[PDB]
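The structure that follows is given in the form of structure tokens.
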Amino acid sequence: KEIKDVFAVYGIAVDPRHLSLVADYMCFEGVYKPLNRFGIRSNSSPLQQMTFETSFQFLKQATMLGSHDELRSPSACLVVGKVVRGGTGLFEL
Amino acid sequence: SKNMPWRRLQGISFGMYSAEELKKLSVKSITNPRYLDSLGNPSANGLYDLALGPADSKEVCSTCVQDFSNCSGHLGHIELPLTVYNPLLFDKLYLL
Amino acid sequence: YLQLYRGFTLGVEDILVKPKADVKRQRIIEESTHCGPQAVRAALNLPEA
Amino acid sequence: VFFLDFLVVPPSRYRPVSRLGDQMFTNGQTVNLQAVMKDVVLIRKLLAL
Amino acid sequence: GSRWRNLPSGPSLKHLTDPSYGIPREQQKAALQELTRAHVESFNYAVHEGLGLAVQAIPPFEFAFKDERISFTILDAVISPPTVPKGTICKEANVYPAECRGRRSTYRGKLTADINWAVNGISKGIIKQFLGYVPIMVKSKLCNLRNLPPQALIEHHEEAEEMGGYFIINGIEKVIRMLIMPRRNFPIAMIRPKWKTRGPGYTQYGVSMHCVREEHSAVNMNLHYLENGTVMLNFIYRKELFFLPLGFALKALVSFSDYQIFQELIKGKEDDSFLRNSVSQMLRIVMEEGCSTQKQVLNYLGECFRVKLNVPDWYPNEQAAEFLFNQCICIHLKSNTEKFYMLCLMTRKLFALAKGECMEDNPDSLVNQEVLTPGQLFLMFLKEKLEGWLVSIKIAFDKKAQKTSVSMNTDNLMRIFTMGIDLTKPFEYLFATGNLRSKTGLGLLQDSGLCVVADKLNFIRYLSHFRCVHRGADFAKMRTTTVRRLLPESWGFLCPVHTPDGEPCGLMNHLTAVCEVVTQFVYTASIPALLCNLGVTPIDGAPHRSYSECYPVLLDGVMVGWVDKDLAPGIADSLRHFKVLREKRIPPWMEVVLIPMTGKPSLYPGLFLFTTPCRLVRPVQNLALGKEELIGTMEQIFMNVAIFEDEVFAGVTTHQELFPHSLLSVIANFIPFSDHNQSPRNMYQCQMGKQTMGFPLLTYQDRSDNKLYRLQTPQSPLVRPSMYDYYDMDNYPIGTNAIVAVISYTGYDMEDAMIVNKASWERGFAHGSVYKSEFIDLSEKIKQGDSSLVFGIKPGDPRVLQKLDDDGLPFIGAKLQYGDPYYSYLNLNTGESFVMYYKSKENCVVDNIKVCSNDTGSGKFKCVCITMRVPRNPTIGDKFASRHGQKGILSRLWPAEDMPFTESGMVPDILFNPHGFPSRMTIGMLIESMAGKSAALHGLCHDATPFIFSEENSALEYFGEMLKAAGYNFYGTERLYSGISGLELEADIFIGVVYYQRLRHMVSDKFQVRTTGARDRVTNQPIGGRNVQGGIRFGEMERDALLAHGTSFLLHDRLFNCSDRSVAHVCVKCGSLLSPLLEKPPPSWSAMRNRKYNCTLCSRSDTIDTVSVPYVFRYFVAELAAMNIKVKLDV
Amino acid sequence: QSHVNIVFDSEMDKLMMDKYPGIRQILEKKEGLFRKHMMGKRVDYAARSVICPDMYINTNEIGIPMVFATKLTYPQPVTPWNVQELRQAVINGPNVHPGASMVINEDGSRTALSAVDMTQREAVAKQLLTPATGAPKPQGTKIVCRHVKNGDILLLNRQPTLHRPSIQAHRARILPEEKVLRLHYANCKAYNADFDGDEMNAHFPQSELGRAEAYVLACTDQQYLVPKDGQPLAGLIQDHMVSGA
Amino acid sequence: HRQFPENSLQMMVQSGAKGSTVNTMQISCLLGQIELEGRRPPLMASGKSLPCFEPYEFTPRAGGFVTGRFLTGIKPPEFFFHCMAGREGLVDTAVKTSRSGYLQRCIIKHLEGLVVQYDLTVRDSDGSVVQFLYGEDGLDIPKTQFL
Amino acid sequence: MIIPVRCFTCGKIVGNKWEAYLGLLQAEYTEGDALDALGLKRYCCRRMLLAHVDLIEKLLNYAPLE
Amino acid sequence: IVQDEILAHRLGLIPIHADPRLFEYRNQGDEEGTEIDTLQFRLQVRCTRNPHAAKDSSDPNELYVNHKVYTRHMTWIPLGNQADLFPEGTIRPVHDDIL
Amino acid sequence: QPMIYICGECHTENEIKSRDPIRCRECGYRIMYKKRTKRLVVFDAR
């Protein structure tokens, strides 16, 4: 309701599918998280975060955690040099 | 085109490096800060030493007979008589 | 179709108003004398004297 | 590992000095390791002192 | 007013064809010349009399050692017109500016000083010191062109109509811009929250005042207002803000036992019972500390402050206090008792404010804002800079007892006077940059971008550039609209359609056309007697009705008495008379503003006079006396000004504006039919016209300026506004005429694209050419020997046999594509020249070579001033522009066999899409195109000044009556035939004659392209630059789009395969891209396998894999290994 | 510590003129390298130019000037079926369109055919259809880096990058007398276009993959509408609406 | 003088070819009571509108009620108010442009990796299952304007 | 600068009427009559003289005369 | 004063008064060409002062000689057998009045 | 034959030959031009 009306006092209004998407990601662990940094922190790939604000912080995250990235996120399989799951690239011959 | 990349990539693994690995894997230790000499020989026991990789093409690496136009270099280390903080994990170091 | 039989122009006559409308428009504009008095008296609520 | 008791020196073809026309413009990081080496020799001298 | 008594009534062309065109007249034009009265008038008054009263305030200074009271001071200092250092035999030891431009040098002056060497009291010496140089505003009373007629000008080859006002630093012409600062010597109220937090118990309220002296340095006051009940003073000296209660000031000022102070600071609000209590409270809380009498409080203040003020530890504790007192408080008055009464009136206003009887005067209007001239800035910078020279000579003398040499007492003056403290550098700096490296903000709040280079690309550029107030560069990042919205009062003193839209929008205004800053000071001698020999009662006399009702009468910083209820308007009217008749020492520059008492919160009551310089003012006519009159910014708010004659009502109104055209500036007065157009178009054009490219100037041999765009065949325009002549602009006409037919004949024309007949582009439509004049000196690089430029003896590769003259330079008239030598120098004792080929890809001809000389004497020449010429013709993609912002572009060329042809066989040469004018409100183009036709038909030139054609007899109707009685269709249309069918077209077409300015490249519209070639060395990436065929850049937003589309193959193809593809090799054991290298096996007796890669890390093993790795990845791992981090690639 | 920092970080070191950027800057520059390079580089085989509002090109096609249509190429091994086209391309080359400024010799060596003369161009033309003259390349011939043709398609983008129609693909066609780029007017809403001086980037794929994904995945034909709400994006232009009426 | 279908302005304002229907009212009939940001154009200290009218008149002219048009000329005074309005308008435009641009750049730091897998349940990069059916299901409004 | 040879719009020869123009000037015609008597009918050739302004009789004064 | 590029282009518009039917299209290139594909004119007007001028300095015509370079200062030159080909008074620009 | 130059303010030839000052050996003023050698040069007129 709130996102709708804040766009609606101007006249714009996005289709009620984007809204009911962005809800069931910014709040799916019960609690209500933000996404400027907090929610997006939950990203499997710390390299998309490296692309977000400051490479060093999320490199530090990757080094202290030591996860083997499953190589599905766009950041990872794009930087490694393969073809990625994005758009064209879920499949091959 | 007709030619394609060959090597296969599954997944990367992150990890921490100890000092003993780079200490035993060293091939040469720099002792002279001079980098280049006016004659053409870069330096003896310097940062541009020949064992670290060829340079001044007519020269040759100390450990490898491989030449300049074929080179990518090698790695050693320098002994630090003092112990300084790592500026990457220094924030978590201060927190701890 | 334009460059062969019919052409398009921002003529100056498409914009000029008929002279019968200027006998009516100049009639009303003269009526703006007593526009304030009533609005201000209704603003203050003092009789319109 | 939280400290730095090791400083790996980079390769040569990865390092090499750039050139502009006929002048040999310095690389910078070469000067950084040169300064670090000067400093560690100074530290050796002061330890001997 | 008499200056505008001769405006033309409708332009004419009688003057393009007379026997007298060409022979220089004797009296150069009047108006155009006075268009820069202010600049040179101020600088004039600066050096001949300004540092008169501005050297008689530097304090006697030198105190070094041995109980000595040497106090050496300046008796006089002057500057002399710029002559030459003694040449071998210079025929005339004078330098004219045209010389200074060629040789890329400055136009200087000579500085002299008279120091009296008072040996502990006047004993010995008056030594003259050659301080240094200073630049000179051309055509002031200090440049050799002072008072010359036109022929004596052209013989000196300086352009005939000079106006001057600029400086010349190495060829550039810098101009000081007029800034804005608050009113001179006025108690302006103010409110602000930010004040709240400086200390304890500060309210928001307060008053302010800007005080400036004759020796023009400034000081800034402030009196806050405490809630407790007391009033403070918050000023700053030498960059540190200071604190002082009111009691100390009102005791230390005048002995004058206090009950005076109370009974006077209480004027007639006797009823109050908190005011007087706060008063008594101040008077007590100043009494019980350490002081009873005047000298006592002085003692105390000095003892407190002489630690910070840094006076000599010689002086007593009261002398320093007194020194401080009259250096930072109410400077402009030069007395004490008036300093007292000023403080009094300030606080009375502050109280009657805080209690809420008056209305908070806006500190942001034009009623309280005036202007700084370049003379002020110059003089005050100089006077500050003298002090530094004195103190520097002090350390120069202290180096004597420092080096323990002979610390001499006299007869060492000459030697101790050469320290190296000259004034050249600090002045060249202020202009070279615009920066204000200094120690005092001089009232200003900023220090950079003070003088910015006036261009010469046109004449409209100049003619504006000299008429442009701006409000300080600091007010740009602000978002509040209140600093842009035209307050309804600025009518007549600023231009409403001339702001330079863009980043510095709204602020960088330009003045009107009928305002003149005031720069003639008067002798303020006998005016107070004149006031008092009428109703005005003396200042502290017995005023016959002296209580709550009576008006103060300030006088530009001087209390003079009080006036009562009956008189104030009578006095103001009498002074009206005695200004307009100009009778008795009453300058016309004077303002007489009386603010009546509203009984309601409103402006502070009063009656104020001024004579000070630096104020805006514009003439009007009076309906009481025929003569014309001058009106100051402050006193418009209480006048009735009738614009048209039809309005004038008997008994209520008083003035009559001279001509309606006043409101606008001059540039915005060169637009035709400009009240019909819509406003944002007016503004767009006033910005555009300055950008164009017309006839810049006559003498193309004087100036070695870098870029001179010229238009071969300009033409006077047919439809003209009156003020095009009154400034005789025709000597510099700007654009060339053209025929427009407005039809959608091709589709091509929309979103401002337009088609131009290709024939009438061959016949000569506005062909162009640009002169770029590079400059070279071989003294730039310091080398051995007598290197000067010449073709060496050595046989040059004989392509340089013909392409070169022998002296090393090209012949006049040759052409250069590139790979062709600019020049060749033979360095002495070397034998080999080191040539320089033509770098820039463009090609050009060589106009004339100018070789300058050593600054004064002989000097082995390097001094090359080659000046190329390039042709530029309007290609597809360049710009055009009408005179109403309707900016177009060059779409495509279209052979003349195709275009329509009218009934009478003529052939449009520029086609114009009609879709514009709904949603342009461009009616100027319509009315003035019909005008162009009517003119070229009948034979005469038609006027185009705004505000002439009423709604009664409109423009269109009268102006088509012409075509009617001429023979064409009333609505300015006419039939037309196609050019591919041959068939008539049903719907008629509208044709006219529309003036057309070319434009310059707003940006260099050149292109960029690359497929393969030389890339970067360390990164192996395609470089940019456009001059070695650069490539494309993919920033943050493009890469985000690439993340966003959902494609990996595109990245793998462009970033991976194309940008930095490099076949790399890694070892399978250790997984390090660093180590492995390619092997060179010897085919000798030592048998070894074929070429297979090996490494040093794993020297015992030999196994390698091939991986495609970018070279930027290699530089990345390079810097990682340099910064002590190693990569591990899983293999 | 300051020495190892000035190696690592110029900011964590004492202030000094002309700082040498370490890994904290070459990985956290004012934008940060990964934000700078690792998803977008400085590439070749592309261009940039200013654009003009013109009609005679398609709402699905942009007309390129001769410079980019002449310099830019595309590789192809000369098969018995593509003979005439790549032959005439290796004939004309980089001076006249359609051409082939360079052909990739069978070993893979790039043969820059720009400054060579006419006889060598005929020589390489009759060398094009040379079969495998060696053992390691029987599946290959000289792949001709020959020029773009009318069957081709290009890609464009705008700073900053807004949406999905921010990169729309348009067919290729040559036009000699052009210094400025051209586009459909009503398609202005596909790029938030201004046409008053902003720039435009041109791109060509080296392989059929990028070409075809521009032909169909990026076209205006089957991306005709706005999928945000399902209404058209490339309608017809106003100047061609008064005609209609 | 020409009604539809004649008038070539009424064929680009009543036919989706350009502008609106008040840009052709401005021209022939009026201009409108001006408004500088909600508030009618400001006053000055003594109470004058612009230095031409007595303080506190009652003609609506002291407001913004321009009467002339763009085919007969606006009188001198009303020329000023008009410029005031133009300036205010262009300022607000530019500033809000840069603001909404920075908002775009903030929001660009966002969710990236949400690939709808072949199970037709909108998943994410890391084997996570954020939902089951897009929005409602499938329909990204490609033609849902048409279903 | 100096008078151009052939008219812009159509192509007539106009690079000669200038001298006779000043001539019929001294005989005091109102320019409409002068451009008539000089035989110019379509206006796109008349605005080539009714509005030309000469810049060599005002630019030669800086001659490096001898 | 007139820069030379602009003089060169200002020439082109000048009309030759000769027969177009008695020539051939210039064979491709060959700046020389033949007789058949060319005329060849010449211009030379070195200017000086007025030998014996009065005090007046009113008009340059009394003060000068060769200061308004017209076209009658152009003169035809023959190439090869042009003489045998054409008579006098033909080869000439069309007005002898074009400044 | 040899190099020629002209003084600016008085227009009297100066012919810089040797290694020497750059002043007009009569005309005190000092800034120089060059002079035109009769040459041949091709110039199209399209």
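Note that the chains are named A, B, C, D, E, F, G, H, I and J in the order they appear, and that numbering of residues resets to 1 at the start of each chain.
What we mean here is this: contacts are C-beta pairs under 8 Å (C-beta built on N, C-alpha and C of every residue); 3 or more make two chains touch, one makes a residue touch a chain.
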Query - Count of contact steps on the shortest path from subunit F to subunit J - result: 2
Query raised in the report: Chain by chain, through touching neighbours only, how many steps does the shortest route from subunit E to subunit I take?
Result: 1
Query - Chain nearest the overall C-alpha centroid of the shown protein atoms - result: E
Query raised in the report: Rounded to the nearest whole Å, what is the centre-to-centre distance of subunit C and subunit F, using the mean of the C-alpha atoms as each centre?
Result: 56
Report task. Measure off the straight-line distance from the CA centroid of subunit C to the CA centroid of subunit H, and report it in whole Å. Result -> 48
Report task. Return the distance between the CA-based centres of subunit A and subunit G, expressed in whole Å. Result -> 34
Query - Centroid spacing, where centroids are CA-atom means, of subunit G and subunit J in whole angstrom - result: 66
Report summary line: Residue ranges of subunit B touching at least 2 other chains are 5, 9-13, 15-17, 22, 53-54, 71-75, 84-85, 89
Query - Per-residue multi-chain contacts in subunit H, two or more chains - result: 1, 4, 6, 59-60
Query raised in the report: Considering subunit E alone, which of its residues make contact with at least two other chains?
Result: 712, 744, 746-747, 763, 813, 914-915, 918, 956, 1040, 1043-1045, 1047, 1049, 1051, 1074-1075, 1108, 1119, 1121-1126
Report task. In the complex, go through subunit J and note every residue touching subunit E. Result -> 2-3, 5, 8, 16, 19-23, 27-37, 39, 41
Query raised in the report: Taking the complex as given, what residues does subunit E use to touch subunit I?
Result: 712, 763, 767, 769, 813, 845, 847, 869, 871
Requested in this report: Within their complex, state which residues of subunit H touch subunit I.
Outcome: 1-6, 13, 15-16, 18-19, 56, 59-60
Report task. Under the touch definition given earlier, write down the residues of subunit D that touch subunit E in their complex. Result -> 4, 6-11, 14-16, 18-19, 29, 32-33
Report summary line: Per the touch rule, the subunit C residues reaching subunit G in their complex are 8-11, 13-18, 25, 29, 32-33, 35-37, 40
